[PDB]
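Data block below; observations after.
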Amino acid sequence: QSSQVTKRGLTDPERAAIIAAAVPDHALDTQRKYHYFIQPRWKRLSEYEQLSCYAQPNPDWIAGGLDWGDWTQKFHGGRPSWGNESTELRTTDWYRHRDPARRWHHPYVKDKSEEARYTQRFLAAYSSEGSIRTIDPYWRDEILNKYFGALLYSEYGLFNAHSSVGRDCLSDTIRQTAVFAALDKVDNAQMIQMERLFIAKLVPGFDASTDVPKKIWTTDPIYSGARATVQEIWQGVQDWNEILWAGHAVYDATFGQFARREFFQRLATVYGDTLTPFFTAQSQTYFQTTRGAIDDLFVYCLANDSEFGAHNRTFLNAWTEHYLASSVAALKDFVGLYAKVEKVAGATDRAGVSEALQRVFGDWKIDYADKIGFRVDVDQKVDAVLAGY
Amino acid sequence: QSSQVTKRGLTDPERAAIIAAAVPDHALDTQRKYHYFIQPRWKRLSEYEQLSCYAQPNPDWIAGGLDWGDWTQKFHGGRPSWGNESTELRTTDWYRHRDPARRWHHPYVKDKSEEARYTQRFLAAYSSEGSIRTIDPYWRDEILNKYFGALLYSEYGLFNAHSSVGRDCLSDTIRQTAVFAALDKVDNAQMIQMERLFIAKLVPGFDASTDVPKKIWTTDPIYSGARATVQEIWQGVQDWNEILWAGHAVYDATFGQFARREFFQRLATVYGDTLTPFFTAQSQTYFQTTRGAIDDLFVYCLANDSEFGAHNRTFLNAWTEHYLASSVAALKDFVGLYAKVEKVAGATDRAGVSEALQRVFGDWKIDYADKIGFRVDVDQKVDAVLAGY
Amino acid sequence: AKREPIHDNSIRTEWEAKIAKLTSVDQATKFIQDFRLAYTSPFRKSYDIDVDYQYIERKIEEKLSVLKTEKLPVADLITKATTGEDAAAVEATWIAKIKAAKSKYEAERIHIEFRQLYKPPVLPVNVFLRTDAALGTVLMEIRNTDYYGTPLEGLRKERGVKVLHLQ
Amino acid sequence: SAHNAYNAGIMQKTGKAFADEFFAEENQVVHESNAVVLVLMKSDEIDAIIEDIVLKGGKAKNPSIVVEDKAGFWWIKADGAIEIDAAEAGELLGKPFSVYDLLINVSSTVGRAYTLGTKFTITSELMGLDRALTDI
Amino acid sequence: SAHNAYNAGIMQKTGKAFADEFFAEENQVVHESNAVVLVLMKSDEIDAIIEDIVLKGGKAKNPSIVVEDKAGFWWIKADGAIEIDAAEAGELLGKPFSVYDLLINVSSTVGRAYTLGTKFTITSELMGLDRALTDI
Amino acid sequence: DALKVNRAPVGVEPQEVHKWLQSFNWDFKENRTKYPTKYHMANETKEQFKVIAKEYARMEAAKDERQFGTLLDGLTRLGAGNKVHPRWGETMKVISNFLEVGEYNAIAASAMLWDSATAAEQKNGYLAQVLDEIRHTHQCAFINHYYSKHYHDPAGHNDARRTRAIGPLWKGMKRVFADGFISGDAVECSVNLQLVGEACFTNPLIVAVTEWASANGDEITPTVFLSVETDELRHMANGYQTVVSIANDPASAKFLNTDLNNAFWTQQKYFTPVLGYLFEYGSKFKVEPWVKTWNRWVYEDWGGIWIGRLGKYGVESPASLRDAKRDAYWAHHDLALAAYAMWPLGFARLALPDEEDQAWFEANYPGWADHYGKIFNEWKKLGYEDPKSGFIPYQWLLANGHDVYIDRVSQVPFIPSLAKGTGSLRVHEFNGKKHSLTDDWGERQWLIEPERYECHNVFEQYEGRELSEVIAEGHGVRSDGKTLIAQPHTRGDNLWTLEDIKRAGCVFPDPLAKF
Amino acid sequence: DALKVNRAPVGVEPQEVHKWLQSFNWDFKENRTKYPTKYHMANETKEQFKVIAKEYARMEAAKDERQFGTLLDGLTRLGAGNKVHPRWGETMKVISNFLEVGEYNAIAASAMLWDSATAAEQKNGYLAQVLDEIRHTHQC
Ligand SMILES: [Fe+3]
Ligand SMILES: [Fe+3]
Ligand SMILES: [Fe+3]
């Protein structure tokens, strides 16, 4: 070959001997803990903190930064690479957030890969089982195909709301939390379409194209409030804290949890759908992992920041007021879908829907509203939604 | 330290130079395909075949063996280490079986490890979701806890039936198929008990002990035919082909599939059980993977062996006659459970149970009975079971 | 000059004392605008506190932001600049000014001044970021048109530098 | 073929001879090339693909291919395009092997590279401009 | 301590001196030992456990421990018992670490070894006969 | 019906889902990017790699298992972490932590591009890159984490996210691989990041370096870096797809070649001298001359296969290319003078070229011995390595009129009296502040865009302070609180302390005071 | 009820399941080993390693990934397969293939012991060994 075949210093006798002569017989320092100066959140420094913390090169004029001076190159006009102008919220240290699941990149893809491969094994067995035969064909072709299919656009819209968050946010652990939350949302959208494509292989003339779901998302009154909230959260604001809080802690925690768990998953297990709960098992698992990290960022940290907690709750309560109204509106449109399904006592009758809304709103009050001082009357929100029943 | 610290020939300059001088400058043969002489089942030799085939050191007097002479040490009295006296069936080559999923040990544990870890993530999220709140408490504490719990003893009995199979069978691919099938059965038993222990953490005073399930398995008339068949398959015979065929192709394919899929999984999705289908998703996936391998061994190979197919079908049809009668009996006892649940049209009424039995028996006829020449009247077996309804 | 340490020094400590005496939104808004006009951008009036102004600027924003949440009604936080102007009116005004600019040197000055006067917490973040993006789009189209056309000797005179050395 | 060697052309000169050609006026603008460069990380699977696909069938269909050993990786340069079918690699290796598994040890592409079906292609063509990308 | 070295006792003799002791009549029956032998496969996690658990806290509680470097593995012999808590190993390593993860690189046990909770124990005691095994 | 159905085993393959991605977006009037840009990306752009989220994870996890196997099992058992030549184990402190900031900022840059694009498939390609760059941040971190545990000098491997802030070389890295990726027109950033940064310069920085690593005994870096670049190639496709998506925009005819030439000069200004410095001076065993590596990867292959082939769509050979070629030959030797002279501000231990290195330099760069080699050998005789010498070469440069300036745009140091690469000093006063610029391309950028380039330089920040106090304040010390991390030799004894630095009496001046 | 429940995140750890294994066996008169033996194994024997099927797989797959990483990635790239002294590379033909038959026959032997034992926990320890010996056949 035209070029030298390079001898390896690890195994070549000559080069290994030269290298051995140059290496000292003793260590030159005894501190072997990588970035030993990070303050640990738990009893001892974790690998997640070691590999993540301070990768963002913030200067001292962004709260928590270790570097100094201005950026080397800014936007035309002077916008800084990162800057305090990116959000209303304030903190003594932007690096204080910790994902409680401690996900750096490797555990994240390791877990999703398990779900990736197991899903295909489950589908091959489910097709061989013939279990599709017991699904109510009205639920299948009318509710599932059309209205579950349209829900992918909510997930996809929430995914896209993270694009400016991923560019604008101000530390490394926050950025990892946001990007993983975004991928899980687009995963949810792709899984809903995977289910529809799967059903198309088993039921002839089942149409898995997105044409009808897209028409329903964009023009059906049942999704009109949801589409409006999602378009606003995605393209109407750029404060990256507002997007994460509105997206996950209000809209997805109220409308999203109702649509995924109280409607499509719960009623799958009254109309004999043995397939859909396999997919909602994933979206709901992703929802609870995301919630742990959003909770740490907003509830545990920013709402209690030693200098800015009350300042921050002022904005959080304002945002919550505005986006909770949008989400109530979205749920009030959505519950019209119940007119399209068979009335089952305690599930799809008014008492059933009322209990389901008490679960979503009552959970949200404990999980989020109580912890930032937001006052909410659960019963009053339940009644506002039932107005659309 | 008291002993020499051994120098590595890979990296020590002196030893690496000596080793380099002794290695020839050319290969001494060009055949680099490990056990290149195995006849491939598919287009090219697979790694599964390379690592598995002919590890069993059979002599030429066991059909297919490559070695010669008697064993070095036999049982007192003369029973050979392996021998033709272990089964009624005969073949021109015991090494002809191939698992269609091509599982050697590594892909097997790789896949189950994905299910292991994902299960714990799903449980942590399911507990945080509060989804237990929507399960009918009668289904939960009466059917699920007691009768689903008792089904673990069927799975555990079928697991134990494989102990003598693992000792006695006559080739390496058959032995791998049998051992993996056994572990999946005891996995099913442990998963049912995992679900009960999980519910106990969420519902105070839910008793997850096995005491009641064990009493139901051993003394409740609903399981009396099932327990008798399983005790017979496990401890009443030692022909290892009879055990695999009776266990998987008759009993588990009829009673087992009805109990797991048509009763506990299907009715989970009428009484609002969002938890049990996660576990039956696993047992049913394991059932279909096991079926692919049993099908190859018995249906594709032994029933069509060029010299012994008709000979082998004689025994297979006899076994099927005997064990199908036992399984019909077992189902006739079992359908008494329907008297304990709320009557839902098309599910738990006579028409519903009749359609479910038509599915199990009609599937079994296509999957197994037609392929060995066994004549069965589906309608007649459905009516025999309904006699117990 | 003999610089003090980077992160803790007498310049930053003295300005933190001044900042701690701001007590009303009106007073802090004038303070932060005067500071930004005086000490930020290539058209600042003084480079005297060059290595410290960005940290000092952060501390002024912290004080103004807290004062805002303590003294203003919530609706004002969303829709008004702390000057009292309507946030949407500030937005429309400055986009109009930049689109009427005739050279890159007029455009560049409008954008820089908008940031000096209205950088958060003066304007609400969502309105400010949207306006600044619109202004920057215009500035780039002007500047990047025929970028290599003027020779350096020409650009030096247009910019107004005093050439102290050319090798 | 020899035009695709790592040390082709100017790279064989040393010292002043190298400098004079490097600074020649003809060489102060880029020269369009119809080549592609593919870098494969060394591993058990890749080393079999190199020997039994790239250097046999591959070089038969494209005699311009040059493969060079760069210790940790294989450096490959060819005229026009290189193509590797993951389905053929799987048969050679005896184990499941998708196009995504092939990408586990594909380390660099100087060229337009894309996946379609089981096939990985690196081409001199301006995909998306001169020739459209398609679905399966 | 020195009684637990790999080359303790007869092992230091060579040639005829070794043979005469090896064939001495006292040495034709086994001699009961209160030792345990633990073999740890070398890896990143194990090498940290060796240095910061076994050779610090471990040797402090049991001064009879001897650790020897056998190239690919660590050979460990002690009087009585050796104990390793997976929960302490996880804190040292900064990542989740159960007793089952510890077993990934535990390569041999000459002794009674068992798992209980987060703890791996290898002991001279006759578990199941002299002392009962328990659940959590 | 409820009795008959087809029961063949089927799944759904990734490319079946991917086919429907383009239809996931939907139209509303507010659906447009939030970021300033002169260009409009076409709605129908398709992507070259058909990846969905589940298959993304499956593919990346399989890369990880093999990599972490090799590192944590095999190479640890072999003791590989301390079988590296000291010069190279020191060089990897810089290479891996500096690359880390590029990996990190590329997360934000790709997210900004995801915002810019209108086509769902194009968003998806940027989205995959967002995830890869998180992977690569953690991979670079893991190299230094692994070296902290296993190599004989963990200082500097173990704390560079803070000790990099002391020295001047870090500033230049922030311009090409941090600010340059995220601050500007989304398309300018795309050419900086993907078309030049990744498609051109990571081939030498990430791929070709592994041969230098192996030559010097380091099998840790190839294990990781060769896996990093498996993702990188999908990012080269992203940059190309950017160009495709704006090819029918009349704005591209107006603007693209200006953005491309600015980005090409930005990237090359730092990497051409810095990589050649780190490869040739930071190694014992050399693979080939840096200028040959640059020729193969930058000029011939990247220039011919990417830029040359795009000529038919209006892309020109960059006007700054001729100046870049002069840098490829000499500028890394120029930078070596500055790097060795300012060694106490770094976080790695250096070694002057030995007698056989010098023979190699002169053979491959005739004239090196009479210019650079004469200086290095004089410094050696003056006591460069000896902590009792009181000698630090930065003051020797000052005493001989060889002042060092920092380019206000690129942050690259420049020694006009000694430099053989491209450039010349321009010193301007504007509105009461003095600025040093060093080449025609950067001077234009500053003259047209002065509010983009206000970055404080080390002389402005450290003016009048004594060296040892700056190092102490920056934590540039080992765990005893007094021995410097940085050293002017790679031996195990006679390490310099703060007091040996203080004895030299080095105080930072204002280099522009004389003008 | 249908509104209140404890929502703390919980799972079920392997040793919690293993605790119930002993009660999986049940008594019937034909429940005895099929194989000739002079001895009777006690019904109450417990096992030293508390392994269940899911955690068995998780543990073994993690061993495999690191091993196959070292072999297929790192040592292949180093060319290690031909850096062995010829005497030893020849000896390994015998050592590994002869050991293979022991690994293989141990599958059948442990299954016979699983049959002999009466205690479910003791059956479980032999069962884990049955699976390991398949692993080791494939490893040799
Ligand atoms: Fe990267
Ligand atoms: Fe990249
Ligand atoms: Fe074994």
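Only this structure's heavy atoms are used, side chains among them; waters, hydrogens and symmetry mates stay out. Chain letters run A, B, ... following the sequence lines, proteins first and then strands; every chain starts at 1.
If you measure heavy-atom distances from F:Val458 to chain A, the contacts under 4.5 Å come from both the backbone and the side chain. For A:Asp172, the parts sitting under 4.5 Å from any heavy atom of chain F are the backbone and the side chain alike. At a 4.5 Å heavy-atom cutoff, F:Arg87 makes no contact with chain A through either its backbone or its side chain. Of the atoms belonging to F:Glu454, heavy atoms from both backbone and side chain fall under 4.5 Å from chain A. Contact of F:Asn216 with chain A is made through the backbone alone, with heavy-atom distances under 4.5 Å. In this structure, chain A has heavy atoms under 4.5 Å from both the backbone and the side chain of F:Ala215. When heavy atoms are compared at a cutoff of 4.5 Å, F:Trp212 does not approach chain A at all. Within the 4.5 angstrom heavy-atom criterion, only side-chain atoms of F:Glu219, from C-beta onward, approach chain A. Heavy-atom distances place the side chain of F:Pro36, and not its backbone, under 4.5 Å from chain A. Both the backbone and the side chain of F:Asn144 come within less than 4.5 Å of a heavy atom of chain A. F:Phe24 touches chain A through backbone and side chain together, each having a heavy atom under 4.5 Å away. Only the backbone of F:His150 comes within less than 4.5 Å of a heavy atom in chain A; its side chain stays farther off. Using a 4.5 Å cut-off between heavy atoms, F:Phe68 contacts chain A through its side chain alone, with no backbone atom that close. When heavy atoms are compared at a cutoff of 4.5 Å, A:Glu232 does not approach chain F at all. The parts of F:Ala120 that come within reach of chain A are both its backbone and its side chain, each placing non-hydrogen atoms under 4.5 angstrom from that chain. With a 4.5 Å cut-off on non-hydrogen atoms, A:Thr11 does not touch chain F at all. Using a 4.5 Å cut-off between heavy atoms, A:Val5 makes no contact with chain F at all. For F:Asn25, the parts lying near chain A are the backbone and the side chain together; criterion is any non-hydrogen pair under 4.5 Å. Of the atoms belonging to A:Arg117, it is side-chain heavy atoms, and not backbone ones, that fall under 4.5 Å from chain F.
Remark: aromatic rings of A:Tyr108 and A:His106 are distant, center separation not under 6.0 Å. Separation of the A:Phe159 and A:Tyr156 ring centroids falls under the 6.0 Å cut-off. Taking the six-membered ring where the residue is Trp, the centroids of F:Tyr453 and A:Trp71 are separated by 6.0 Å or more.
Ranked by heavy-atom pairs under 4.5 Å with chain F, the first of A:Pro137, A:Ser209, A:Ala20 is A:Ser209. Ranked by heavy-atom pairs shorter than 4.5 Å toward chain A, the options F:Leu78, F:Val101, F:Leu127 are led by F:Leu127. Ranked by heavy-atom pairs under 4.5 Å with chain A, the first of F:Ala8, F:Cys140, F:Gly474 is F:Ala8.
Taking the six-membered ring for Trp and thresholds of 30 and 60 degrees, F:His145 and F:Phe142 have ring planes more than 60 degrees apart, a perpendicular arrangement.
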Could you check F:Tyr35 against A:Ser164 for side-chain contact (heavy atoms from CB on, under 4.5 Å), going step by step and ending with a plain yes or no?
-> CA-CA 9 Å; F:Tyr35 291 93; A:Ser164 64; 3.3 Å; yes
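A:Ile174 CD1 to A:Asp168 CG: the interatomic distance, rounded to the nearest 0.5 Å, is 12.5 Å.
Shown here is A:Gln120, whose CD atom has more than 12 heavy atoms of other residues, nucleotides or ligands within 6.0 Å.
With salt bridges taken as basic N to acidic carboxylate O contacts below 4.0 Å, none links F:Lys174 and F:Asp179. Residues F:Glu451 and A:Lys74 are not paired through a salt bridge, judged by the lack of any N-O separation under 4.0 Å between the basic side chain and the carboxylate. Using a cutoff of 4.0 Å between basic side-chain nitrogens and carboxylate oxygens, A:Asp187 and F:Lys54 are scored as salt-bridged. With respect to A:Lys201 and F:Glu16, a salt bridge is recorded, a charged nitrogen being found less than 4.0 Å from a carboxylate O.
Put simply, the side chain of F:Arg478 gets close to the backbone of F:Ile485: a donor and an acceptor are under 3.5 Å apart. Between the side chain of A:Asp29 and the backbone N or O of F:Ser479 there is at least one donor-acceptor pair closer than 3.5 Å.
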